[PDB]
Amino acid sequence: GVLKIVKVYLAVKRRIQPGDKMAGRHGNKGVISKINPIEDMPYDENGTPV
Amino acid sequence: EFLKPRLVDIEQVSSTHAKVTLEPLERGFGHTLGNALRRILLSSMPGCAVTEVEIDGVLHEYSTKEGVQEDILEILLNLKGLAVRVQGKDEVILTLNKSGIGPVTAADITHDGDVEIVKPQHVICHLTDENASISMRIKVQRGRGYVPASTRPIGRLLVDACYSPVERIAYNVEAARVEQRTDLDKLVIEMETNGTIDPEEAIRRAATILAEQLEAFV
């Protein structure tokens, strides 16, 4: 009953956003709650932010 | 009264990172100025990142080009990491044409004498066979902050814009035993740029931004 089929393959790119569930290898879950600015994060004595 | 700090020294250790010094400072002003300048530098610094690329035989970034082992997406990542300083213009279109076996680095870009590549060893891709040639047009444009392609021809590939020359800023407040007076502070600012911003210019711009923001109530 079908004449012709056209299949289109989109390639979406999902970066990150508040809401996405990230986890670890030890059962530590958690959804991202905020994408903090680079200069608002805690930093050690060498200036490297976490 | 309050002694005025001034840029007394610029110890440029390497091409990327430098170490500036401010002296003298009163009690507490060392940390205040250090943190204010660190936040300004990490936030708002003009940069010359790549925005658009156009490889000739490539339609979308999820494809491959014969003779190049990097995927087009990896090529776009390598171009996104490209550090370049443009001086007389805001936007500019660099041209890359390279053929033959070997690493296509950033030194193969057409010079465009008002545009300087600061890291010629930056490998962009690899050409595997001799009969292969790549030709791309790279739109390097001036901007501020981080502008992803989601916010802003079917052969034009858009890359995420990351116009921020600085990569790491740290400051240290020490005791400047000078001028026959004790209990004075000296602020040493260690900044890690990608080479496209002079540290004295960075500090000057950071102080200018603070001075402009303070005009709201003075």
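Per the deposited record, determination of this structure is attributed to cryo-EM, with the resolution reported as 3.2 Å.

Caption draft 1: Molecular detail of the overall build of chain A. Broken down by element type, chain A carries zero helices and zero strands. Relative to a compact globule of 50 residues, whose C-alpha radius of gyration would be 10 Å, chain A shows 20 Å and is clearly more extended. Its C-alpha atoms put chain A at 70 × 25 × 15 Å along the principal axes. Counting across all 50 residues of chain A, residues that qualify as buried make up 6%. For chain A, the centre of its 9 positive side-chain charges and the centre of its 5 negative side-chain charges are spaced 25 Å apart.

Caption draft 2: Molecular detail of the overall build of chain B. Of regular secondary structure, chain B possesses three helices and 14 strands. Taken over the C-alpha trace, chain B has a radius of gyration of 22 Å; the compact-globule value for 218 residues is 17 Å, which it surpasses by more than 25%. A principal-axis box enclosing the C-alpha atoms of chain B has dimensions of 70 × 35 × 30 Å.

Caption draft 3: A look at the layout of surface pockets. Each pocket or cavity is described by its volume, and for the largest pocket that value is around 560 Å³. Elements with a minimum of two residues in the lining of the largest pocket: α1 (29-43) and β13 (166-175) of chain B. Considering only residue class, the lining of the largest pocket consists of 13 nonpolar, 11 polar and four charged. The volume enclosed by the second largest pocket comes to roughly 360 Å³. Surrounding the second largest pocket, 13 residues form its lining, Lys13 of chain A together with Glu61, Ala149, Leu158 and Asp160 of chain B being those nearest its centre. Examining the composition of the lining of the second largest pocket, we find that four residues originate from one element, helix α2 (residues 72-80) of chain B, more than from any other. Here the residues of the lining of the second largest pocket sort into seven nonpolar, one polar and five charged.

Caption draft 4: Molecular detail of the packing of α1 of chain B against helix α3 (residues 199-213) of chain B. Residues and elements named next belong to chain B. Where α1 meets α3, the axes come as close as 9 Å, and the angle between the chain directions of the two elements is 105°. By the angle class used here, α1 and α3 are roughly perpendicular. Of the residues in α3, those touching α1 at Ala36, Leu37, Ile40 and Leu41 are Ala202, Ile203, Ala206, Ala207, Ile209 and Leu210. Partitioning the contact of α1 with α3 into residue classes produces 10 nonpolar, no polar and no charged.

Caption draft 5: Broad picture of the side chain of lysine 65 of chain B. Residues and elements named next belong to chain B. Mapped onto the fold, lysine 65 is located in the loop between β4 (50-55) and α2. Despite being buried, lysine 65 has no salt bridge partner; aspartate 56 is the closest side chain of opposite charge, sitting 7.3 Å away. In this structure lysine 65 touches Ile55, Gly57, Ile72, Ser133 and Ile134, once residues within four positions along its chain are discounted.

Caption draft 6: Local environment of the pairing of β4 of chain B. All names here are of chain B. Burial within β4 is extensive, with five of its six residues counted as buried. Where β4 meets strand β10 (residues 133-141), five bridges bridge the pair, whose relative direction is antiparallel. Looking across to β10, one finds that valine 53 is bridged to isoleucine 138. Pairing between β4 and strand β12 (residues 157-158): two bridges, direction antiparallel. Note that in β12 the partner of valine 53 across the bridge is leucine 157.

Basis of the calculations
Entry numbering is not used for residues: they are numbered from 1 along each chain in the order the sequence is written, which may differ from it, and residues without coordinates are omitted. For this description, chains carry letters from A and ligands carry numbers from 1, given in the order in which they are written. Every figure given here refers to the displayed chains, which form just one part of a larger assembly. Side-chain calculation: all heavy atoms of the structure are included, whereas hydrogens and water are not. Residues with missing side-chain atoms are left out of burial classes, side-chain pairs and their counts. Segments assigned H or I by DSSP are reported as helices when at least four residues long, segments assigned E as strands when at least two residues long, and all are numbered from the N terminus. Just to be clear, the radius of gyration here is over C-alpha atoms, and the globule rule we use is 2.2 Å times residues to the power 0.38. Here the term buried applies to any residue with accessible area under 20% of the maximum for its type, exposed to any over 50%, and partly exposed to those in between, with areas from a 1.4 Å probe on protein chains only. Note that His is not counted, nor are the chain ends; the positive residues are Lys and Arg, and the negative ones are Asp and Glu. Just so you know, the charge point we use is NZ for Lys, CZ for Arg, CG for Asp and CD for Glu. Detection works on a 1 Å grid of protein atoms alone, calling trapped sets that fit a 1.4 Å probe cavities and calling open sets with protein on both sides within 12 Å along at least five of seven lines pockets, with lining residues defined by an atom within 4 Å of a point. Grid points are joined across faces, edges and corners, and a volume is the space filled by probe spheres set on the points. Residues are sorted three ways: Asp, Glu, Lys and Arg are charged, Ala, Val, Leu, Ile, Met, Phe, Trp, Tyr, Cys and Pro are nonpolar, and all the rest, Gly among them, are polar. Lines are fitted to the C-alpha atoms to define the axes, a helix being fitted only along its stretch in contact, and any angle between axes, read from their N-to-C directions, falls within 0 to 180 degrees. If an angle is under 35 degrees, it is roughly parallel; if it is over 145, roughly antiparallel; if it lies from 65 to 115, roughly perpendicular; otherwise it is oblique. When checking whether two residues touch, look at their non-hydrogen atoms; a contact exists if any pair is within 4.5 Å. The term salt bridge refers to a side-chain nitrogen of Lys or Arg lying within 4 Å of a carboxyl oxygen of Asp or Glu. For two strands to pair, DSSP has to find at least two bridges joining them.

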